Peer 1: 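Encoded as C-alpha cells, here's the structure I'll be asking about.
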2 protein chains.
Amino acid sequence: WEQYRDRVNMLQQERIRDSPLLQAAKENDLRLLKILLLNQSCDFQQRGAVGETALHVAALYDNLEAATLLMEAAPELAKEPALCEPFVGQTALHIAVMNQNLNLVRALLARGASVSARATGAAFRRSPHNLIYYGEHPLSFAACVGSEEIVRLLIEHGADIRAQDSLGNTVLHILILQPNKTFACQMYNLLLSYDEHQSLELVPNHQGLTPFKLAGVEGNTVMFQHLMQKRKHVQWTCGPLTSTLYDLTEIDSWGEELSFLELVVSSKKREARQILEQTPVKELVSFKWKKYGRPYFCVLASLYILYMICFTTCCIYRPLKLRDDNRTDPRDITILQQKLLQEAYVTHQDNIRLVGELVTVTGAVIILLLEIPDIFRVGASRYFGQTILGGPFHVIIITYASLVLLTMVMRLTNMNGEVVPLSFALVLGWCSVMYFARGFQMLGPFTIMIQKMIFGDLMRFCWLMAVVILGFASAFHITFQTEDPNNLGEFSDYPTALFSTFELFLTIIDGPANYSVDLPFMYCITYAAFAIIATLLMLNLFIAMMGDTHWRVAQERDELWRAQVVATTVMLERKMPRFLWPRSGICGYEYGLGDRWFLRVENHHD
Amino acid sequence: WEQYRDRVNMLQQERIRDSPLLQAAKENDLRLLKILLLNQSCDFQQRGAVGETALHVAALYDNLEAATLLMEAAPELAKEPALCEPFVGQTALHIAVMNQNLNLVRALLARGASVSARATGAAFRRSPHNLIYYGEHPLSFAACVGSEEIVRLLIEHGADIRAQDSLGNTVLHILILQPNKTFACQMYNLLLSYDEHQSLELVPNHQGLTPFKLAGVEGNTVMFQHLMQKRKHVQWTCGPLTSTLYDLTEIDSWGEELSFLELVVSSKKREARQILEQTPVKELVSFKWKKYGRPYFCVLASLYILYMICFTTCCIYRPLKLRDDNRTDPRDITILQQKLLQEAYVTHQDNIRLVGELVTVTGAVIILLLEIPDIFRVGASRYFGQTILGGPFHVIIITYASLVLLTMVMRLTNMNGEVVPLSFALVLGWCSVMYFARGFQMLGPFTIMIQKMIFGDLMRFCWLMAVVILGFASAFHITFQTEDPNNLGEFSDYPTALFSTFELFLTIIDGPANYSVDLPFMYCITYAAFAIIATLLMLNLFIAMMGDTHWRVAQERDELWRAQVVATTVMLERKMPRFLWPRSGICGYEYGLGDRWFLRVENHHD
C-alpha cells in the first residue's frame with residue numbers, strides 16, 4: 001500500500017530530524033556527532049520510526065565515517081536490527097550490502113554483524129508492491145546486487161548458501177527471479193562454486209519447485225540454457241554433424257505426479273512457453289506429439305465426433321406426439337408436445353433411441369468422472385482460465401455434461417421443456433469439437449483467434465452495441481406504438497423491438513418496409529440515422545479493429561498454439577495408461593551415465 | 001497578410017534606391033557614403049518606407065563599417081526607431097541583436113542605444129503570419145537567437161529581465177515558446193542566474209499563465225523536465241531504489257480555481273497531453289484516478305444508466321388511447337393517439353409513471369444546472385469542441401435535457417406530437433451513456449475511434465454518398481414513374497425513391513424484384529450499375545479507408561484516451577465536494593520543506 005509506505009517515510013524523516021543522533025548520522029556533520037558520542041551517559045540505542053539505529057541511517061546515506069565512529073562509540077549497534085512492520089529484520093549489514101560498499105561491509109563484519117540475519121519485513125517479501133525481491137539474508141542481497149566480492153567475503157565469514165527465506169527460496173531461486181539475467185548466470189556459477197554437494201540445486205522451495213523447475217516456470221530461458229549446459233554430453237563431432245546426449249531427468253519427470261513440463265506449460269507467466277522451444281525440450285515434445293500424441297488425439301477426436309453424432313441423432317428423433325388441447329390463440333403455432341415416459345419407448349426405433357440415449361448419458365458421466373478430478377488436481381481458476389490448458393472448452397464440456405444429465409432428470413420425471421437444455425447441450429457439445437482443433441496447424445491458431453476475439457473486443461463491442469440497440473429500439477418502439485402492428489410488426493412490443501433492432505444492427509433481417517401503407521416519418525429519419533451509425537460505421541469499425549488485432553497478435557497466436565500442443569501432449573501422457581505411452585528418450589547405462597535417461601539430438605552446424 | 005508585407009517591401013526597396021544615403025548604407029560603398037556624411041547641412045534623418053534610418057539599413061545588411069561611420073557622423077540615429085505599422089518600435093539595436101553581431105551590438109551600446117526599446121510592430125507580435133516570435137525587447141531577442149554574450153552584455157548595460165511585451169510575456173515565457181528546445185533550457189538557466197528573487201518565474205502573462213503553466217499548456221516537455229529538476233528532492237538511494245519527493249504546489253493547485261492540470265488537459269495544442277505522462281504528473285493523476293476517480297465515475301455511470309432506464313420505462317408506458325376519428329385512407333395505419341392531460345393520470349400505474357416522469361424532469365434540470373455554469377466557465381467553442389473534455393457528449397446531453405423539457409411543455413399544454421422529441425431524446429440520451437466509456441481501457445479508445453470516424457471520413461463519405469443516391473434515385477424514380485406502384489413501390493414517389501436508394505446503397509433492404517410482372521430493362525441496367533458502383537465499390541472503399549485510418553491513428557487514440565482519463569479526473573475533483581476528494585500527496589513539514597505538499601515517487605534503476 002503506497003499510503004502506508006508514504007506514512008512510514010513521513011514518520012521516519014520526522015524521527016530522524018527529531019533526534020540529534022539520527023540527524024547527525026544522516027548528514028555528514030561528524031562534529032556534532034563527536035560531541036554526541038563523547039557523552040557516556042547513553043548507550044546510543046536511540047531508535048527511529050521503524051526501530052532502526054543511527055548505524056542504519058549512516059549506512060543508508062553512504063556515510064562511512066559517521067558509521068565507523070558510531071561503531072567505535074557503540075559496537076553493539078551492528079547486531080541490532082530494525083523492529084517495525086516494513087523492516088522487521090533489516091540490519092545495517094543489509095543496507096551496506098545493498099549499497100555495495102566494500103569498506104562498510106568489511107567494517108560491519110569486523111565488529112560482529114550477523115551474516116544469518118533475515119530481513120523478514122514487508123518491504124523485502126516477494127510482493128508486486130515491492131520493486132525488487134532480494135530475499136532476506138545478506139548473501140542473497142550480495143548475489144542480487146551483482147557484487148561478487150561481497151558474496152566471497154560473506155561466505156568467508158560463514159554465510160549459509162543453503163539459507164531459505166519465508167517462501168523457502170534459496171539464493172539460487174532468488175538469483176533466477178532477477179530481471180538482470182546476464183550476470184545472474186555468473187553469480188549462479190559463483191554460488192555453485194561453494195556448493196560442496198543434498199546439493200543446493202536440488203533444494204525445493206515451499207511450492208515444491210527446484211531451481212530448475214523455477215527457471216522453467218518463470219520463463220528464465222538464459223538460466224535454462226545455462227543449466228542445460230551442465231546437463232548435456234556431447235558424444236561426437238564428425239564434420240558438421242554433432243551428436244549430443246541431453247539429460248531428461250529434470251525435464252521428462254517420468255516418476256513424478258507433477259512434472260516439469262506440466263509446471264512450465266500451465267504457468268501463468270507469458271515467457272514460460274519460451275522454455276518449450278529450447279533445445280532439449282522442443283525435440284522431446286515434438287517426438288512425443290508426432291509419435292504418440294497426434295494419433296491418440298485424432299482417435300479421441302473421432303470418437304468424440306461419433307458421440308456427438310449419436311447425441312444429435314437422439315435429439316432429432318426425440319419422442320413427440322400431437323398436442324391434446326386445441327389452439328385458441330391464432331398466434332399459437334405449437335402442434336406437437338413431448339410424449340410421456342410410458343409412451344416414449346413402445347417402438348423398436350424407440351429402443352434404438354434408448355440405446356443411443358444411454359450411450360449419451362454414459363458419455364456425459366465419463367466426461368464428468370474424467371474432468372472433476374482434473375478440477376480437484378489443480379487450481380480451479382487455473383483450470384478454467386488458461387487458454388493453453390483448454391479452460392473455456394472445459395467450461396463448456398462440463399456444462400454440456402450437466403445439461404445432458406439435467407435432460408435425463410427431466411425425461412425420467414416427465415418434466416416438460418427438455419428443448420431448452422437439449423438446445424444448449426447441442427450448441428455447446430458441438431462447439432466442444434473445436435477443442436480438438438489443437439492437433440492441426442490449420443485449425444488451432446484460428447480457434448485461438450476465435451477465443452481471443454470472444455474474450456477481447458467482441459465483449460467491448462457488446463456494451464456499445466447494447467447502448468445503441470437500447471436507444472434505437474426504444475425510439476422504434478414508441479414510433480410504431482400508435483400504429484397497427486399487423487402492417488409492420490418488427491416493433492410491436494419492446495422485447496420484439498429490441499430483437500429486431502439487434503437483427504437490424506447486424507443486417508441479418510431486412511429493413512422494415514411496407515409500401516402499401518404510410519409509415520411514420522420519424523421511422524425514416526431514425527432508421528436512416530441507425531443505418532449510418534450502427535450498420536455503416538460501428539460494424540465496420542469493429543471489423544477493422546478485429547483485423548488490426550489479427551495482424552498484431554499473430555505471433556502470440558503461434559506460440560500459444562505450440563504451447564497448446566505441448567499441453568495436449570502432457571495431458572495425454574498423464575491421463576492415458578502407461579502401456580500406451582512408453583518412456584521417452586533412451587536409457588544411458590551403456591554410456592557410463594547410470595540409470596538416467598537421455599535424449600539424443602544430432603545437429604548440423606555448417 | 002502576405003500582400004501587405006510584399007507591398008511594404010516594395011515600398012522599402014523603392015525608398016532605399018530612391019535615397020542615396022539608404023542606398024550607400026545598403027551596399028558596402030563607403031566612399032559615396034563618406035562624401036554624403038561630410039555634408040554638414042543635413043542631420044542625416046532620412047527615413048525609408050517604414051520610418052527606419054540608414055543605421056537600420058546598415059544593420060540589416062551586416063555593414064558594420066557603414067554603421068559605425070553613420071554613428072560617428074550622426075550619433076543620435078541609435079536612439080531613433082522605425083515608425084510605421086509593421087515596425088512600430090524596431091531600432092537598429094534590435095537588428096544588431098537578431099543578426100548576432102557582437103561588434104555591432106557593442107558599437108550601438110557605446111553610443112546610447114536603449115536596451116528597453118519595445119518593438120511593438122505587427123512583424124513582432126505573436127501571429128501565425130509571423131514565422132518567429134522573439135518578443136519586443138532586445139534582451140528577449142538575444143535570449144531567443146541563442147547568443148549568450150549579447151544577453152550578458154545587455155544585462156550589464158541594464159536590460160530589464162522583468163520586462164513584459166504586449167502579451168504580458170517575460171523573457172522566460174518567450175524562451176518557452178521557442179521551437180529550439182535544446183539550448184532554450186540553457187538560456188533559461190542563464191536568465192535565471194540574474195533573477196535575484198517576486199521572482200521572475202512567478203510572474204504571469206495577460207492570460208494568467210506563469211512560465212510553469214505556460215510550459216504545461218504549450219507542451220514543452222523538455223522545459224517541463226528542466227523546471228521539475230528544480231522542484232524535486234531526492235530522499236535516499238538504497239541500492240537500485242530511489243525515493244524522490246516532487247513538489248505539487250504548481251501541479252496539484254489545490255487552492256486555485258483554474259488548476260495547472262486543467263490548463264494542460266484543455267489546451268488546444270496537441271503536445272500538451274505529453275505533459276500528462278511526465279514523472280510528477282502521471283503518478284499524481286494515476287493515484288487520483290485509481291483511488292477516487294474510477295469509483296466515483298462508476299457510481300455516476302450506474303446512476304445515469306438507472307436514470308435512462310427510468311426514462312425509457314416512462315417512454316414505453318406513455319399514455320395512449322384509441323383514436324376518435326375513423327380511417328378513410330387505406331394507407332393510414334394509425335390506431336392510437338395521445339391521451340389528454342386530464343385522461344393521463346387516472347390510474348395507479350399512471351401515478352407510478354408520473355413519479356418516474358418527475359424523476360426524468362428533475363434529472364434533466366440537474367443536467368442543465370450542472371452544465372450551463374460549465375459553459376459559462378470556459379470558452380463555449382472549447383467546451384463543445386474538445387474531444388478530451390467531452391465536447392460532443394456535452395452537446396448531446398444538453399440537447400437531451402432540452403428535448404425532455406420540451407416534451408414536458410408539450411405534455412402540459414396537450415400538444416400532439418411528443419413522439420418526435422421523445423424519440424430524439426431516447427436516441428441521444430442513450431448515446432450519452434458512451435460518455436462513461438472513458439473509465440475503461442476497453443471502451444474509451446473505441447469510443448474515441450467512433451467520434452474520429454463521425455467527424456472524419458464518414459462525413460466525407462456522406463457527400464459522395466448523397467451524390468450517388470440523388471442520381472440513381474432520380475433514375476429509379478423516373479424509370480418506375482410510368483409503372484404501377486402496387487407491384488413495385490420502392491420508387492413510387494421521389495422521397496420514397498431517395499430513401500429506398502439510401503437503403504439499397506447500404507444493402508439493408510433487398511433489391512426490388514417482382515418475377516410475376518415485367519420490370520423495365522432500364523431498371524435492370526441502372527440497378528446493375530448501382531450495385532457495381534455503390535455497393536461493391538464505394539462501401540468497401542470506405543471500409544478499407546476506415547481500416548487504414550484505424551491503423552494510422554491507433555497511437556493518437558491511446559494518448560487521447562489517457563488525456564480523457566486525466567480530464568475526467570480533473571472535472572470530477574473540481575465539481576464534486578471537497579470531503580469526497582482529499583488533498584493528493586503528503587504534506588512536508590517534517591522534511592524541513594514547509595507547508596508545501598509533495599508526491600513521493602520510489603523508482604528502480606537497475
Side-chain angles (χ1 to χ4, degrees), chain A residues 2 5-7 9-10 13-14 17 60-61 95 98-100 131-132 145 180 457 459-461 463-464 467-468 470-472 474-475 477-479 481-484 487-488 494 504 507 510-511 513 515-518 520 522 524 526 528-529 531-532 535-538 540-541 543-545 547-548, chain B residues 235-236 238-241 243 287 312 315-316 318 320 329 331-337 419-420 422-423 426-427 429-431 433-434 437 442-443 446-447 449-450 453-454 458 485-486 489-490 492 496 499 502-503 506-510 543 546-547 550-551 554 586 590-592 600 602 604 606:
Chain A
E2 304 179 314
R5 296 298 301 267
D6 282 11
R7 194 66 199 61
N9 190 179
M10 284 202 105
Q13 298 284 344
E14 181 201 3
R17 297 188 320 116
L60 175 56
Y61 296 102
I95 315 172
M98 183 152 60
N99 271 327
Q100 296 179 74
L131 287 145
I132 61 172
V145 296
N180 51 73
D457 52 358
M459 201 80 246
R460 88 186 68 186
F461 190 50
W463 308 90
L464 313 184
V467 170
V468 173
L470 271 167
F472 277 101
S474 53
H477 176 251
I478 70 151
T479 298
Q481 202 170 5
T482 60
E483 319 293 313
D484 195 22
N487 301 103
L488 192 148
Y494 194 64
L504 286 163
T507 57
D510 272 339
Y515 304 109
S516 56
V517 308
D518 287 318
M522 289 289 311
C524 287
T526 302
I532 290 155
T535 288
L536 178 56
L537 192 72
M538 293 177 70
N540 305 323
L541 202 44
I543 289 157
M545 182 197 43
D548 291 331
Chain B
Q235 287 186 281
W236 44 261
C238 202
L241 315 167
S243 179
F287 165 76
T312 311
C315 280
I316 287 156
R318 65 187 184 109
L320 304 168
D329 201 16
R331 294 187 64 96
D332 189 18
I333 61 168
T334 289
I335 53 169
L336 264 58
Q337 53 170 345
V419 59
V420 180
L422 271 191
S423 288
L426 277 163
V427 167
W430 272 113
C431 281
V433 180
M434 272 192 271
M442 294 177 71
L443 305 174
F446 193 72
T447 315
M449 272 291 182
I450 287 165
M453 291 301 183
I454 285 177
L458 183 63
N486 307 327
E490 281 83 359
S492 55
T496 307
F499 190 53
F502 166 79
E503 292 169 295
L506 295 178
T507 54
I508 63 188
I509 69 165
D510 272 339
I543 289 156
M546 269 202 297
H550 193 277
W551 181 265
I586 59 173
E590 61 266 355
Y591 303 105
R600 200 193 70 104
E602 187 163 341
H604 154 80
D606 287 333

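Residue numbering restarts at 1 for every chain, and letters A, B, ... go by the order of the sequence lines.
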Peer 1: For atom CD of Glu2(A), is the number of surrounding heavy atoms from other residues, nucleotides or ligands below 6.0 Å larger than 12?
Peer 2: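 No - once you tally the heavy atoms of other residues, nucleotides and ligands closer than 6.0 Å, there are 12 at most.
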Peer 1: Look at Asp329(B), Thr312(B), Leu458(B) and state which one has the largest set of heavy-atom pairs under 4.5 Å with chain A.
Peer 2: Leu458(B)
Peer 1: Shortest non-hydrogen contact from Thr334(B) to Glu483(A)?
Peer 2: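 What the structure gives for the nearest pair is OG1-OE1, 3.1 Å.
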Peer 1: Taking all atoms of both residues into account, what is the closest heavy-atom pair of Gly489(B) and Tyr515(A), and its distance?
Peer 2: O-CD2, 3.2 Å
Peer 1: To the nearest 0.5 Å, what is the distance between CE on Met10(A) and OH on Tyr591(B)?
Peer 2: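 The CE atom of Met10(A) sits 5.5 Å away from the OH atom of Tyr591(B).
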Peer 1: Can you tell me which portion of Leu320(B) sits under 4.5 Å from chain A's heavy atoms? Options are side chain, backbone, both or neither.
Peer 2: side chain
Peer 1: Counting heavy-atom pairs under 4.5 Å to chain A, which of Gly429(B), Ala437(B), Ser492(B), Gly592(B) comes out on top?
Peer 2: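 That would be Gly592(B).
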Peer 1: Which one wins on heavy-atom pair count under 4.5 Å against chain B: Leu537(A), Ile478(A), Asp484(A), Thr535(A)?
Peer 2: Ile478(A)
Peer 1: Which distance, rounded to the nearest 0.5 Å, do you find between the SG of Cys431(B) and the CZ of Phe472(A)?
Peer 2: 5.5 Å
Peer 1: Work out which heavy atom in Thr479(A) is nearest to a heavy atom in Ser423(B); give both atom names and the distance.
Peer 2: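 Closest approach of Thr479(A) to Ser423(B): OG1-OG, 3.5 Å.
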Peer 1: For the candidates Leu131(A), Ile532(A), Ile543(A), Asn487(A), which exhibits the highest count of non-hydrogen atom pairs separated by less than 4.5 Å from chain B?
Peer 2: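 Counting heavy-atom pairs under 4.5 Å, the top option is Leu131(A).
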Peer 1: Please name all residues satisfying side chain to side chain contact (heavy atoms under 4.5 Å, CB included) with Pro240(B), sequence neighbours left out, ordered by chain then number.
Peer 2: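 Only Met98(A), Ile132(A), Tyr134(A), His604(B) meet the side chain to side chain contact (heavy atoms under 4.5 Å, CB included) criterion with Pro240(B).
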Peer 1: Taking all non-hydrogen atoms of both residues, which atom of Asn9(A) and which atom of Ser243(B) are closest, and how far apart?
Peer 2: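 Looking at all heavy atoms of both residues, the closest pair is OD1-OG, 3.7 Å.
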Peer 1: Does CH2 belonging to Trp463(A) count more than 12 external heavy atoms closer than 6.0 Å?
Peer 2: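 No, because the 6.0 Å sphere around CH2 of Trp463(A) holds 12 heavy atoms or fewer from other groups.
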Peer 1: Given the options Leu536(A), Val467(A), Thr507(A), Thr526(A), which has more heavy-atom pairs under 4.5 Å with chain B than any of the others?
Peer 2: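 Highest number of heavy-atom pairs under 4.5 Å: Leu536(A).
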Peer 1: For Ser474(A) and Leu426(B), which heavy atoms make the closest approach, and how far apart are they?
Peer 2: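 Looking at all heavy atoms of both residues, the shortest contact is OG-CD2, 3.4 Å.
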Peer 1: Report yes or no: does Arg460(A) contribute a side-chain atom to a donor-acceptor pair with the main-chain N or O of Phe446(B) at less than 3.5 Å?
Peer 2: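 Not a single qualifying donor-acceptor pair exists.
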Peer 1: Do you know which of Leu504(A), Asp457(A), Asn99(A) has the most heavy-atom pairs under 4.5 Å to chain B?
Peer 2: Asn99(A)
Peer 1: Tell me which of these, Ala544(A), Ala528(A), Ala529(A), has more heavy-atom pairs under 4.5 Å with chain B than the rest.
Peer 2: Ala528(A)
Peer 1: Quick one: salt bridge (charged side-chain N to carboxylate O under 4.0 Å, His left out) partners of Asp6(A), sequence neighbours excluded?
Peer 2: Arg600(B)
Peer 1: Pick one of side chain, backbone, both or neither for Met545(A), based on which atoms fall under 4.5 Å of a heavy atom in chain B.
Peer 2: both
Peer 1: With a 4.5 angstrom heavy-atom cut-off, could you sort out which part of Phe499(B) is near chain A: side chain, backbone, both or neither?
Peer 2: side chain
Peer 1: Under a 4.5 Å heavy-atom cut-off, does chain A meet the side chain of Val433(B), its backbone, both or neither?
Peer 2: side chain
Peer 1: Considering only heavy atoms, which portion of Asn486(B) lies under 4.5 Å from any heavy atom of chain A: side chain, backbone, both, or neither?
Peer 2: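 Nothing of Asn486(B), per the 4.5 Å heavy-atom cut-off to chain A.
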Peer 1: Output the option from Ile509(B), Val419(B), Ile508(B) having the highest count of non-hydrogen pairs under 4.5 Å with chain A.
Peer 2: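 Looking at each option in turn, the highest pair count goes to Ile508(B).
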Peer 1: With chain B, which of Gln13(A), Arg7(A), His477(A) has the greatest number of heavy-atom pairs at distances under 4.5 Å?
Peer 2: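 Counting heavy-atom pairs under 4.5 Å, the top option is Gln13(A).
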Peer 1: Mind checking the CH2-CG spacing from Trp430(B) to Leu470(A)? Nearest 0.5 Å is all I need.
Peer 2: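 Answer for the CH2-CG pair, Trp430(B) versus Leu470(A), is 4.5 Å.
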Peer 1: Specify the closest pair of heavy atoms between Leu336(B) and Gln481(A), including all atoms of both residues, with the distance to one decimal.
Peer 2: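 Smallest heavy-atom distance, with atoms named: CD2-O, 3.7 Å.
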